[PDB]
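Each residue of the sequence shown is one higher than the one before, counting from 43 in the deposited numbering.
Using N, Cα and C, we set each Cβ at its ideal position, and we do this for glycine too.
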Amino acid sequence: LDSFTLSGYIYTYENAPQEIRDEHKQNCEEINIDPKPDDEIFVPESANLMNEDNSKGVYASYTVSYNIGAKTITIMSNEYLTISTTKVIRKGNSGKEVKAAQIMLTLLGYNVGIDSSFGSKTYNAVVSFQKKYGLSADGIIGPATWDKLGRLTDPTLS
Ligand SMILES: N[C@@H](CCC(=O)NO)C(=O)O
């Protein structure tokens, strides 16, 4: 029940804990783009931070709904982030699809920063995930990888 919910705090890059700022910094440098002060980063409670003050952040709790027939995945909190499982994302991309994948990978235990940028950590996690589940390990999230992520993170699905 509780293992399908991803809770934590949303920070802006300027407000984020320094360990999170450095992770985001290195992530943006890998995709050769500059981080901006208003970049959102979601830090799950499972993440090991020594001296994190939640006051600078905003609490959020995410769950996943995968509509197989509609080929869509919805990330649910107070807001609803929906993406098409026909979209292909890979290292270098940034946006809501990347965020959705990061949230799902984090629920399955992968260590990726949830900042909407597909850098090296996301790539490694995707390859690992693909190897674990018998998918081609090309590091690209396409239809087959979205489907597997969706089935594993939506509790109503087998
Ligand atoms: N890894 C992809 C394979 C299809 C694709 O877009 N390749 O570039 C998937 O998960 O379907």
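Counting only runs of at least 3 residues, the stretch 98 to 171 fully encloses the following beta strand (DSSP E) elements, listed from N- to C-terminal order: 100 to 109, 114 to 118 and 122 to 126. Separation of the CB atoms of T148 and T127 is rounded to 18 Å, and the pair is thereby denied contact status at 8 Å. In the DSSP assignment, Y51 forms a beta bridge with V85 and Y101.
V154 counts as buried, since no fewer than 16 other beta carbons sit within 10 angstroms of its beta carbon. Taken through DSSP and simplified to helix, strand or coil, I62 comes out as helix. Residue pairing for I183: DSSP places it in a beta bridge opposite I131.
Within the same chain, and ignoring the five residues on either side of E139 in sequence, the residues whose Cβ sits closer than 7 Å to its Cβ are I125, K129 and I131. The stretch 177 to 184 makes no contact with the stretch 91 to 108: fewer than 3 CB pairs, one atom from each, lie closer than 8 Å. Looking at the backbone, the Cα of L150 and that of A186 are separated by about 17 Å. For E56, the secondary structure class from DSSP, reduced to helix, strand or coil, is coil.
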